[PDB]
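A, B, ... follow the sequence lines: proteins, then strands. Residue 1 opens every chain. The figures here come from the full heavy-atom set of this structure, side chains too, leaving out hydrogens, waters and symmetry mates.
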Amino acid sequence: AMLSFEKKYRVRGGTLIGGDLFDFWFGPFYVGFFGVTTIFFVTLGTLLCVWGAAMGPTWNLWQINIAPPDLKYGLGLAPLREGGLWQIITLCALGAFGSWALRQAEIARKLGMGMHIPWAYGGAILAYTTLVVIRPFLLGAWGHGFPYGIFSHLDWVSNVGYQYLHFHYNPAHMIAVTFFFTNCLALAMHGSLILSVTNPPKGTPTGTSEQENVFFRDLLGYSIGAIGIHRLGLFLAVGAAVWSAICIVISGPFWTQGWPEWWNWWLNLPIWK
Amino acid sequence: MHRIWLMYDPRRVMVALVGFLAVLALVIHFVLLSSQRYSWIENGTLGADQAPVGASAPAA
Amino acid sequence: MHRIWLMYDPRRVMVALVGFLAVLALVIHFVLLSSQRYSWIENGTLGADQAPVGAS
Amino acid sequence: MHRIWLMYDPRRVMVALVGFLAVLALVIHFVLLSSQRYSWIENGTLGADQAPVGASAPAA
Amino acid sequence: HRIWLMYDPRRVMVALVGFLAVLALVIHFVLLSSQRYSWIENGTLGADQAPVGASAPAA
Amino acid sequence: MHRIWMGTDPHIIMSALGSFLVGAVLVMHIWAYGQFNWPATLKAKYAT
Amino acid sequence: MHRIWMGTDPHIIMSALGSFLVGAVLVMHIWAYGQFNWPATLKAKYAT
Amino acid sequence: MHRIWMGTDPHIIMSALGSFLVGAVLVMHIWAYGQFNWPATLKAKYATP
Amino acid sequence: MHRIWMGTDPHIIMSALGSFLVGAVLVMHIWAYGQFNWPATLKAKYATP
Amino acid sequence: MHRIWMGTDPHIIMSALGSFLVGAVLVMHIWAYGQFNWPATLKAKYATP
Amino acid sequence: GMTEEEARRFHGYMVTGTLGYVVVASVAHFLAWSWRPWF
Amino acid sequence: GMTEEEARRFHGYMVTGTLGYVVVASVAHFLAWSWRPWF
Amino acid sequence: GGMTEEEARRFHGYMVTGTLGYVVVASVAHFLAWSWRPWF
Amino acid sequence: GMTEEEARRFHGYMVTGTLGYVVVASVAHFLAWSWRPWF
Amino acid sequence: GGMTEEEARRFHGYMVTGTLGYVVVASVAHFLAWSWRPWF
Amino acid sequence: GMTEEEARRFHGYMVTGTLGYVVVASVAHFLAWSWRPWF
Amino acid sequence: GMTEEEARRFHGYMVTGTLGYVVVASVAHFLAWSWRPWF
Amino acid sequence: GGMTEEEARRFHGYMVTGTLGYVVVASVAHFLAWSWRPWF
Amino acid sequence: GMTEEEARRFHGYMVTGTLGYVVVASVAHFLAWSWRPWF
Amino acid sequence: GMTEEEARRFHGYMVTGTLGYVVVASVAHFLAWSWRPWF
Amino acid sequence: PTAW
Amino acid sequence: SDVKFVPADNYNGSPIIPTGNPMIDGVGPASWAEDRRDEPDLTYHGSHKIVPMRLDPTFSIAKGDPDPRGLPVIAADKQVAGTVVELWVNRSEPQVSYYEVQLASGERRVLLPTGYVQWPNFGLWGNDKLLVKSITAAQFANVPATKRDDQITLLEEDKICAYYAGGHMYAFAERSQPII
Ligand SMILES: CCCCCCCCCCCCCC(=O)OC[C@H](COP(=O)(O)OCC(O)COP(=O)(O)OC[C@@H](COC(=O)CCCCCCCCCCCCC)OC(=O)CCCCCCCCCCCCC)OC(=O)CCCCCCCCCCCCC
Ligand code: BCL
Ligand code: BCL
Ligand SMILES: COC(C)(C)C/C=C/C(C)=C/C=C/C(C=O)=C/C=C/C(C)=C/C=C/C=C(C)/C=C/C=C(\C)CC/C=C(C)/C=C/C=C(\C)C(=O)O
Ligand SMILES: COC(C)(C)C/C=C/C(C)=C/C=C/C(C=O)=C/C=C/C(C)=C/C=C/C=C(C)/C=C/C=C(\C)CC/C=C(C)/C=C/C=C(\C)C(=O)O
Ligand SMILES: COC(C)(C)C/C=C/C(C)=C/C=C/C(C=O)=C/C=C/C(C)=C/C=C/C=C(C)/C=C/C=C(\C)CC/C=C(C)/C=C/C=C(\C)C(=O)O
Ligand SMILES: COC(C)(C)C/C=C/C(C)=C/C=C/C(C=O)=C/C=C/C(C)=C/C=C/C=C(C)/C=C/C=C(\C)CC/C=C(C)/C=C/C=C(\C)C(=O)O
Ligand SMILES: COC(C)(C)C/C=C/C(C)=C/C=C/C(C=O)=C/C=C/C(C)=C/C=C/C=C(C)/C=C/C=C(\C)CC/C=C(C)/C=C/C=C(\C)C(=O)O
Ligand SMILES: COC(C)(C)C/C=C/C(C)=C/C=C/C(C=O)=C/C=C/C(C)=C/C=C/C=C(C)/C=C/C=C(\C)CC/C=C(C)/C=C/C=C(\C)C(=O)O
Ligand SMILES: COC(C)(C)C/C=C/C(C)=C/C=C/C(C=O)=C/C=C/C(C)=C/C=C/C=C(C)/C=C/C=C(\C)CC/C=C(C)/C=C/C=C(\C)C(=O)O
Ligand SMILES: CCCCCCCCCCCCO[C@@H]1O[C@H](CO)[C@@H](O[C@H]2O[C@H](CO)[C@@H](O)[C@H](O)[C@H]2O)[C@H](O)[C@H]1O
Ligand SMILES: CCCCCCCCCCCCO[C@@H]1O[C@H](CO)[C@@H](O[C@H]2O[C@H](CO)[C@@H](O)[C@H](O)[C@H]2O)[C@H](O)[C@H]1O
Ligand SMILES: CCCCCCCCCCCCO[C@@H]1O[C@H](CO)[C@@H](O[C@H]2O[C@H](CO)[C@@H](O)[C@H](O)[C@H]2O)[C@H](O)[C@H]1O
């Protein structure tokens, strides 16, 4: 099925790889070559996750836990029942996420859109790749990755934080948190403003960009304007993921002590040492 | 039975088939390689009298 | 039999095929490379009777 | 034979080739440097009988 | 010689120099991080005094 | 029997045959050196 | 029987037949080397 | 009975039969080598103590 | 016989042959030095006690 | 035989030949200094007790 | 769009490809069985 | 779109290349099997 | 496309001849092998 | 694109390029083997 | 598409011939197999 | 692609080369057999 | 805009510069080897 | 632009002459090698 | 590029240089052998 | 754009600047070597 | 009862 | 024959194929919202939102920025398409919505949306020609005209913007094909 205006947009062309070969739709979905590789990796990864659940102690969704190998295996593939399965699933994940971003690029090219969406998603892929590839590689063992399990990965997050005694004191983490919180505030204001001009109280005329601009300017003192708020929301949301990648990659590979004692440089500035 | 190729585009049924078989084959090989009885890469040279067999606890 | 190339443009298959086989060869080598019996970079000189066997 | 270069742009294939070979060469050197037997920057001066070897199977 | 028709020298020269600059810097820091070739700290050791990695144990 | 070469390219045929012979000869020699205990008896004859 | 070859590219036939024989011959030799204890007896003849 | 073949490309028929026979023959030999203790007696004859 | 060269280029041919000869000669020397115990006898002849 | 140089650049030829010789001669010297125990005997002659 | 003639032709290759694949698979299973039975 | 004689020409190369690759891979397995059998 | 009835008829002659040549060489091989190490 | 003669001459360089590369690698492997063999 | 009855009628003759040939060889193989190692 | 006129001329060299190669191998095996016989 | 003259001239500089660099680097390795050999 | 039949006929004469010279030098080298250290 | 009548002269000098180089090396080896013979 | 007259003139200032820098740098290295050799 |  | 496209084949998810020039007919990435209201956008006070700067005396260029007027426009084939001769401004949120380009190869002036112009060196220096990657210098001659030269309807905005958007697929034949 198609939207009432959709058919004239369903042209050939805009692919990166494969040409006409996969240039077709399946229901709502665009396929393409990277659609085919997406489904391959998604399917292989998901079934290996189900296999991980089957050989683990429970089918309880919250408790399934496919763990990485012991650190002793270093950068090798471990035995599959001893964490090698987590490694194969990680390759499927990297393939699925990369295929998704390239399929987004093919869709955007077909619609004559800018490449903003694929690159914005690249921010999230960077954080995932930091957690399971880059940081474990810098530490010299794949066993530093997080386990695949809805709550067991939260146990990993807890323990990694307390490896540095007081992870709130990590300076890149403070920035990352500030971006996440500021993003959520900005999203609530942008949503509210557009809705409040487009859905005014009954019997009021539809609002305008001028009213939105005036109100916003009483909130922050300055006008952000229409393109400015979308630049800001993109800067905040993607910057949050980039600073997250920074805050975790410096924890271990570069800083090994507790995070509170990193702040010793501030106490010893020569003006007040 | 050849009317299948009138209902569906054969160019892409066949991609779906090859994809499905490839995924299925890889799943089965990784499952067997996870097992004890069929970890052929490390225990493949054992004869069947030496090959692992799983059992429950003896429940005395 | 040749008519599959009227369905699939061969120049667009062959690039896909090479990628699949390159990844598959890399996967198989790494699976072997970190097995005990076939970690040839470190135990390749052993000879077949001395090579590990995954008995337990 | 040369009609392969009529199917594909030679410029693209050269960039694809050199990229693959560079990454492959880097991976293999890293795998060797990361091993025990071939960590040549530290142990390259050892003779072939004193370089590490991975353990054998047990006697029984 | 016609490869230079396919690639602009103004690009190629910088790309080649950038590759060599990175590769040289990588090799120096890899050596400097080793024990045998940590030459800033230990370069005055003789070749018999310089570190060597561990051997096969034979037992 | 000659006309099986019709429609072929001789530089391909010689490329294929040449590669096969190089491969077969090297495979045969490394195999033969394993079985025949040579050059091992040469290296034994000149040793310290 | 010859009309079985109609419609057929002869180079595909020689390619397929040739590859089959290589596969068959390699399988048969590796098997036979196992069963007949040769070149194992050859190796023991000249080993030190 | 020859009318059976009329719908068919004879090369597809020969491909199908050729596939079946290679399969059946290999299955039968793998099976028979298990039951008849051969080549195991051949191997033992020439094996080394 | 010479028809084998027709349509080739001399600089291509000499590059191929030249690289092959360099490779084969170097391999054969590395191998031979291993098997023949030379220069290992030469080095032992002049080595300082 | 001289036609083999047609289409070449002589400054490339001398550049390749010159660089090959420098490489080969250095390799040959450091090899030969290893085998012949020279200048190691030279140093030991004039070295201080 | 392919005719019922082309559909019948295509189906013949598809059947013989399937059969040939199923034969290779069955030989592989019998080798696997004789090596290490699962029942 | 490719003509049937172009498809037939490519098919001969594609079969031959595939079978040549499979032949080389079979020799590689023969060497690997001789060095360290997996069954 | 492919071989005509004529080309097939000619091809078949060489094909049969090559196959018999192969069988003959193999028959000699088995006779020698049998004399060297009988298997039944 | 490219002319079949221009393809023909390019291929000769790509072949001899690949050959020279294989040659150096083969010597490098024999040196490595002579220093610390892996089988 | 496919075969006429005329070529089907002659194809059948080769098919029957080849089948009976294969059975004859197989019959000899079983006679040898039986006299070597009877299985009942 | 070779014509059958070319194929005729080519085939005579190809046969001569093959037969000569087998002669040289035949000598090599005779020398090898008299040096170290393998049956 | 390239020409075959510009290309041929630039090729000479790239070849000679590359080889001169490899010469200076070969001496650097000679010095490094004499100070602390890695084999 | 590829080598003509006459250039090939000319080239082939030098190519053979070089090859024969190379084999001749190697023949002397192996004779000297054999008399220095026989390998069979 | 270089014409035949340049190449004819280039060959004459290139041979002359090579012959000189081999002569100097022959004296070097004669001296080296008289100093430390290696067979 | 740039003339050869400027391009040649400019290269003269580059060389003298470079040489002056390398002369100072090599004096600085030899001073450092005299104070605390790194080999 | 650790084993059969 | 007036339907702008046909299915590539009869299967359910198949693409359409344009029957004419898709940049002009408006198919694929060249298509526009054909039902869109053919009236000008209006400010809160009811004046025309988008007007040439020449017709509102309160507007001016910011002192630190380049004045685009008089700069040449460089098209996708690197040829000069024309020169900028006027700016159109949005009066609700003060910004430049369009350049108006006097074509070099004819008598037309055409609108060029700001989102299709790149400045050299990302605007960090140079600032002396405009780069239009989307369409070739010949294709500028078919940019859709506005009915008037002092105002633009929401339909004309959609047609003009869609025309440049289509050029990223249709300006050269190679742009539609895969990179590998
Ligand atoms: C954690 C907190 C934050 C968590 C935050 C999570 C937010 C998730 C928001 C998105 C969820 C809805 C996605 C969606 O709407 O997809 C379109 C599809 C179809 O409707 P349509 O698009 O309007 O019409 C098209 C269709 O009718 C005809 O299309 P066509 O013929 O071309 O294609 C074939 C059909 C076949 O239909 C299907 O395959 C539908 C299968 C949907 C399964 C997934 C449901 C997930 C519900 C999650 C909410 C919750 C369920 C409990 O259509 C399609 O092919 C459409 C494919 C759509 C694929 C969507 C995949 C979304 C997967 C999301 C998974 C989220 C996991 C969290 O919709 C549906 O089928 C029905 C969805 C109804 C809304 C969910 C409400 C659930 C309320 C509780 C149960 C109510 C019971 C009465
Ligand atoms: C015209 C080119 C034809 C061809 C026509 C012939 C002819 C004619 C003959 C053979 C023969 C052989 N073919 Mg055939 N063959 C081709 C493709 C192949 C392929 C393949 C991967 O495509 C394979 C595996 C084979 C395999 C074989 C061997 C059984 C045998 C050659 C020795 C050998 O061990 O080669 C192993 C093979 C490979 C590793 C593949 C690449 C190298 C081969 C040798 C190239 C084939 C052409 C070569 C010049 C044949 C020379 C034969 C002499 C004139 C006697 N051929 C192509 C498509 N082939 C001969 C035979 O039947 O001997 C019993 C024979 O007389
Ligand atoms: C445009 C000039 C040509 C050239 C022409 C010559 C000539 C002519 C001679 C040499 C010689 C030599 N060349 Mg030069 N050579 C070139 C480029 C190089 C390159 C390079 C990286 O490109 C290298 C490594 C070499 C290397 C070498 C040595 C093998 C050798 C001794 C001098 C030396 O070390 O010079 C290192 C290289 C340089 C400093 C740059 C090249 C130019 C300088 C001026 C040196 C060579 C000329 C020399 C002084 C002439 C002496 C008189 C003659 C003996 C009659 N040449 C350029 C492309 N070369 C000599 C030889 O064969 O001795 C056995 C010799 O007679
Ligand atoms: C271990 O734990 C878990 C995993 C959980 C256990 C459970 C596992 C489960 C549930 C498994 C289920 C398996 C399954 C279920 O059905 C499996 C079913 C498999 C099937 C059907 C396979 C079919 C294969 C068919 C093939 C290969 C055909 C190939 C055709 C070819 C090569 C011909 C190509 C040429 C053509 C066409 C000619 C062109 C002519 C043209 C164009 C012309 O003429 O125009
Ligand atoms: C160990 O345990 C297990 C494994 C279980 C034990 C059991 C094993 C089993 C069951 C084995 C079965 C084996 C078998 C069964 O069939 C084996 C069958 C083997 C066969 C058939 C071999 C055939 C060889 C044929 C050859 C060499 C032909 C060469 C032809 C040539 C050279 C001519 C080429 C064409 C020309 C010149 C035409 C020119 C004109 C042209 C082109 C024109 O005119 O157009
Ligand atoms: C840890 O162990 C693990 C890693 C896991 C184990 C696994 C290992 C695996 C799986 C390895 C795989 C290896 C592999 C494949 O698969 C390897 C494949 C290698 C290949 C193919 C190499 C090819 C090299 C070719 C080169 C260098 C060419 C050089 C020269 C060129 C190009 C010409 C220059 C001149 C030009 C251009 C001008 C021409 C004229 C022109 C233009 C004119 O005149 O117009
Ligand atoms: C250890 O355990 C295991 C491995 C199991 C043990 C078993 C191993 C087995 C089973 C091995 C089998 C090997 C085998 C099988 O057949 C081996 C077969 C080998 C063959 C076929 C060799 C053929 C060589 C042919 C040569 C050298 C040809 C030279 C040609 C020349 C000189 C002329 C070139 C053309 C010219 C001059 C002009 C053309 C005209 C032109 C261009 C024009 O006119 O234009
Ligand atoms: C240690 O552990 C790990 C790291 C893991 C181990 C592994 C390491 C690995 C994998 C290493 C790989 C190395 C490698 C692989 O390729 C290395 C390759 C190196 C290369 C290619 C070097 C090439 C250098 C070339 C140079 C310097 C050129 C200089 C040219 C000059 C000076 C002239 C400039 C010309 C001009 C100005 C033009 C004028 C005329 C003009 C303008 C006109 O005429 O118009
Ligand atoms: C230790 O273990 C291992 C390492 C294994 C042991 C084994 C080692 C092995 C196998 C070594 C082999 C070495 C070898 C093999 O061939 C070595 C070959 C060496 C060669 C080729 C030497 C050649 C020297 C040439 C010279 C000096 C030329 C001088 C030319 C000059 C001065 C220029 C004159 C003017 C000219 C030309 C043009 C004028 C221009 C004109 C007129 C114009 O432009 O118009
Ligand atoms: C310790 O561990 C690690 C760090 C890892 C180890 C490794 C380190 C590594 C890899 C180092 C690499 C170093 C390197 C590699 O290349 C270093 C290269 C250095 C270089 C190239 C230096 C060059 C300097 C040149 C200078 C200063 C020139 C100055 C010119 C001047 C002033 C003149 C200006 C013009 C004038 C006045 C007038 C014009 C008139 C005009 C126009 C007119 O009059 O018209
Ligand atoms: C190295 C790994 C990959 C394997 C490489 C290939 C190894 C085996 C090569 C054996 C020789 C194959 O020989 C090749 O056969 C094909 C068909 O099969 C011939 O025929 C093919 O090309 C020719 C010429 O364009 C066409 O007329 C013909 O229709 C087409 O089938 C080729 O002209 C010949 O060169
Ligand atoms: C399709 C292409 C296939 C290419 C070949 C790829 C490898 C597959 C080989 C399958 C055949 C294996 O064949 C089998 O080899 C083993 C190797 O231990 C032999 O085993 C026997 O001989 C070997 C020596 O060779 C002894 O070390 C061993 O103790 C003994 O059991 C078997 O007696 C033989 O039956
Ligand atoms: C292309 C430029 C290459 C420059 C790289 C230089 C390193 C490569 C050397 C190639 C030559 C063969 O390698 C040569 O081996 C001998 C030993 O046999 C080395 O000899 C060295 O090690 C031995 C121990 O083995 C020490 O006792 C000796 O004091 C020392 O000189 C030579 O110094 C080295 O040059």
Side-chain angles (χ1 to χ4, degrees), chain G, chain M:
Chain G
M1 289 206 189
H2 62 279
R3 41 180 67 256
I4 194 59
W5 309 114
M6 299 191 310
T8 306
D9 183 336
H11 300 140
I12 285 181
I13 299 301
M14 297 308 287
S15 181
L17 175 63
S19 309
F20 168 70
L21 289 178
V22 169
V25 168
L26 285 175
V27 166
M28 286 307 302
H29 282 74
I30 297 160
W31 179 89
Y33 295 164
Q35 308 322 111
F36 285 82
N37 200 31
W38 188 98
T41 58
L42 164 66
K43 196 177 188 297
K45 181 173 286 194
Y46 297 108
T48 53
Chain M
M3 284 184 275
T4 57
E5 191 280 336
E6 179 210 300
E7 291 163 302
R9 187 142 41 75
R10 189 170 58 238
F11 177 91
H12 187 75
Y14 294 109
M15 178 63 198
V16 170
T17 308
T19 306
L20 291 179
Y22 191 96
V23 166
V24 169
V25 175
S27 301
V28 173
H30 286 74
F31 184 80
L32 298 171
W34 180 263
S35 72
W36 168 55
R37 287 185 180 175
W39 50 89
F40 305 126

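- Below 4.5 Å, heavy atoms of chain M meet heavy atoms from G:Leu21, G:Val25, all part of residues 20-28 of chain G.
- Under the salt bridge (charged side-chain N to carboxylate O under 4.0 Å, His left out) criterion, the residue pairs touching residues 1-26 of chain G are G:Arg3-M:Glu5, with sequence neighbours excluded.
- At a 4.5 Å heavy-atom cutoff, the contact between G:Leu17 and chain M is made by side-chain atoms alone.
- Atom OH of G:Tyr33 has more than 12 neighbouring heavy atoms from other residues, nucleotides or ligands inside a 6.0 Å radius.
- Within the 4.5 Å cutoff, no side-chain heavy atoms of G:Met1 are placed close to those of M:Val16.
- Considering NE2 of M:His12 and CE of G:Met6, their distance stands at 13.0 Å, rounded to 0.5 Å.
- With sequence neighbours excluded, the residues that form a ring pair (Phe, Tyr, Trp, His ring centres under 6.0 Å) with M:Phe11 are G:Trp5.
- Heavy-atom contacts from other residues, nucleotides or ligands closer than 6.0 Å to CZ of M:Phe40 number more than 12.
- When heavy atoms are compared at a cutoff of 4.5 Å, G:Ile13 approaches chain M solely by way of its side chain, counted from C-beta outward.
- Within residues 35-44 of chain G, the residues having any heavy atom less than 4.5 Å from a heavy atom of chain M are, in residue-number order, G:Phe36, G:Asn37, G:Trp38, G:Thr41.
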